[PDB]
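Heads up, the chain below is alone and in the form deposited in one PDB entry; it's given as structure tokens.
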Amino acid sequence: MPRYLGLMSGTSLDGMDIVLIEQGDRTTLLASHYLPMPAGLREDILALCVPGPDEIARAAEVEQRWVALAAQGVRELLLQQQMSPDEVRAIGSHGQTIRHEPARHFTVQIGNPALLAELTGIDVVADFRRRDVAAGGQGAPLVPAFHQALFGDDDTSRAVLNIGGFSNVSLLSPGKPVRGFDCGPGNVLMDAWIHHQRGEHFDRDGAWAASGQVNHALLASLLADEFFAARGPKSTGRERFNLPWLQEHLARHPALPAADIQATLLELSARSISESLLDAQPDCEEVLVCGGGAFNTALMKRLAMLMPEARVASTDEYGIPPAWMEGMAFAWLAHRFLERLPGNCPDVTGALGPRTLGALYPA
């Protein structure tokens, strides 16, 4: 019954997820701890997601504040759980993606794991993505293995679907190796648009999206990106799908209401997920939705209707809160590293084969 911490901080930059798990015969969630991202740090992370000056100095100092916050949250969670650091075997830390360039064969995650070990007094397993990339893979997604271990079922063809900043799906097909790929944007554009407009961080329950009307021509134009055509191992991020990208599409088209664009963005996510998922697993019987997109009532409804042959529900029904799936997954990967068990799925990432993912920074 070794206990592990998982630290995830996704591209939505909403905040830091910290989970505690017990890894026995099955993965149990013991506790969760959410740290909202400070305004300043969120914006400084966003400033590192595009090319710019003095990045090495800037990232180091952003890194220091990120780790300091992570260690604060870990300390908080342990005290509130009446357990010491000694009772935790290791922290699994994803870090923070500031650049993802699989075409150029690199992915950049910050989160100085040495400093995280020093501050927490706990062994840290981190930097899980770079060995997969080194093995020719996309480096993303890395949860499918975990999704397999949780929800691997012979009797059903399940698709486990994360909807964070970006969407990604794990295809659990009886008989066949685990498949998976980034579907496209999840909340990233819906958040970015309501931020450029107005100045909010996200659209609660997708209520602003539901107030507007879809523009079918715009939808067509957005779906005409090369990434949606591509199949098999692929990944994406803020490099491709961002506000500039959207504005470039809005330029050639005429002027539309802002809510209609938001509605179009919701549909863009629903349709990209639906069509890419159903292309890969037309036999799908259950879509299990995790990540913060699970809480979007407008989005979830649309997925159910665009995939009528499937039962679309969040992972809550199956015992695991959708908020903490990624955090639990990286806790699990620290386990996998310490037992020398493969981290990646080759037919997900496109790597040469299975690889032990991560590096060990001991306390």
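Here the rigid core means the biggest group of C-alpha atoms that line up within 1.5 Å when the two forms are laid on top of each other. One-based numbering along the sequence shown.
There is another form of this protein, the form deposited in another entry, and it is not shown here; the text below is about that form.
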query: Per-residue C-alpha change between this form and the one not shown, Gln109, threshold 2 Å, rigid core fit; finding: no
query: Threshold 2 Å Cα movement between this form and the one not shown for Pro141, core superposed; finding: no
query: Outcome for the Cα pair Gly139, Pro282 in the other entry, compared with this form (closer or farther; change of 3 Å or more); finding: farther
